[PDB]
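Participant: Here you go, one structure.
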There are 2 protein chains.
Amino acid sequence: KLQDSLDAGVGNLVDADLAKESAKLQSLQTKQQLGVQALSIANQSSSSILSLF
Amino acid sequence: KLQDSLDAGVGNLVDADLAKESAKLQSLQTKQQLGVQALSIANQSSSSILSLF
């Protein structure tokens, strides 16, 4: 019983809760897609100058 | 007879009624699957934002 209690304590110390990761992962993939699109929009700033000349 | 009465009283104090557990177990299994499906539906809320960009 003491061995099982020590294993349960190690699991309480280190084990991740994957159910939270199931949402946070998809949120981060949506966030990286939005960040890539925002960087693609920011990259275009130099093109506006060409119209002026 | 006294020892038999004492053992019957201990059984009245601590023993479970397993016939009720036989229904509660199946109901809780169905409820657990339904909760897993509902949480899986809840995880997907971020995906709708990608359609707007």
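Residues in the structure tokens are named by chain (A, B, ... in the order shown) and by number from 1 within that chain; ligands are numbered from 1 in the order shown.
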Return as an MDAnalysis selection string the residues belonging to chain B that are within 7 Å of chain A, counting only C-alpha atoms.
Facilitator: chainID B and resid 43 46:47 50
Participant: Any chance you could list, as a ChimeraX atom specification, the residues in chain B that come up alpha helix (DSSP H) when DSSP is run on the backbone?
Facilitator: /B:2-14,18-43,47-51
Participant: Expressed in Å to a single decimal, how great is the separation between CA of residue 48 (chain B) and CA of residue 16 (chain A)?
Facilitator: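 It comes out at 27.3 Å.
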